[PDB]
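Starting from 1, each residue takes its place in the sequence as its number. Hydrogens, waters and symmetry mates play no part in the numbers below; they use all other heavy atoms, side chains included. Numbering of ligands and ligand atoms starts at 1, following listing order.
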Amino acid sequence: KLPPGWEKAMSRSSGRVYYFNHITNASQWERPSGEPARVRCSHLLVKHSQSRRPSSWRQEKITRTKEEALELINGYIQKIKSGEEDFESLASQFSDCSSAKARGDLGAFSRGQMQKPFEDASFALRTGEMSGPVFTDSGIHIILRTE
Ligand SMILES: OCc1ccc2c(c1)OCO2
Ligand SMILES: OCc1ccc2c(c1)OCO2
């Protein structure tokens, strides 16, 4: 009936149906559209105190909690979806990954090289599409599939 990982849901505040993806944590109002050996993605990572390594080029010692990291990820997604901010601009200023220097770009990758929640969400995105919060042992990611 629907592409991989999508399900219908109901808005609590409006009562309108929307669509949610349980692999990429994306959600949207309109019915979704329509696998490759490699995909190319960029991401914005916000680390927290239970990250596998709680440090980044932004902070010698990352102290925020998982919940606070999710709040920051959530706000970045809001500004991206309203057009007030561009994904690349936010990944460059605020991503806790060294790939901030490349506007969040990671290059092309195949299955079996990334942390697996990241991998599954990347390959479940369509080209040009962005995820919601995706959780790994590094922290919380926003993923943009560029190829
Ligand atoms: O952390 C991984 C990583 C991937 C691509 C990059 C990078 C870091 O920095 C320059 O481009
Ligand atoms: O495997 C997923 C993944 C990709 C790139 C990353 C990362 C995790 O942590 C920071 O850079």
**Message:** Taking atom CD as the centre, does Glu67 end up with more than 12 heavy-atom neighbours from other residues, nucleotides or ligands that are less than 6.0 angstrom away?
**Reply:** no
query = What do you reckon, is CD of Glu60 surrounded by more than 12 foreign heavy atoms closer than 6.0 Å?
reply = no
Counting from 1 in the order shown, the ligand 1 atoms closer than 4.0 Å to a non-hydrogen atom of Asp105 are 5 (C)
> If you measure from the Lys or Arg side-chain nitrogens to the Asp or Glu carboxylate oxygens, is any gap between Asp120 and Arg111 under 4.0 Å?
Replying inline: yes
* To do: Please determine if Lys79 and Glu85 form a salt bridge, counting it only when a charged side-chain N lies under 4.0 Å from a carboxylate O.
  => no
Dump all N/O pairs between ligand 2 and the protein below 3.5 Å as a table: atom names plus distance, one pair per row.
{"unit_1": "ligand 2", "atom_1": "1 (O)", "unit_2": "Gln115", "atom_2": "N", "d": "2.4"}
{"unit_1": "ligand 2", "atom_1": "9 (O)", "unit_2": "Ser138", "atom_2": "OG", "d": "3.0"}

Exercise for review: Indicate the ring-plane relationship of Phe109 and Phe118, choosing parallel, tilted or perpendicular according to the 30° and 60° boundaries.
Suggested key: tilted
Quiz item: What is the ring orientation for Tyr76 with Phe94, classed by angle as parallel under 30°, tilted 30 to 60°, or perpendicular over 60°?
Solution: parallel
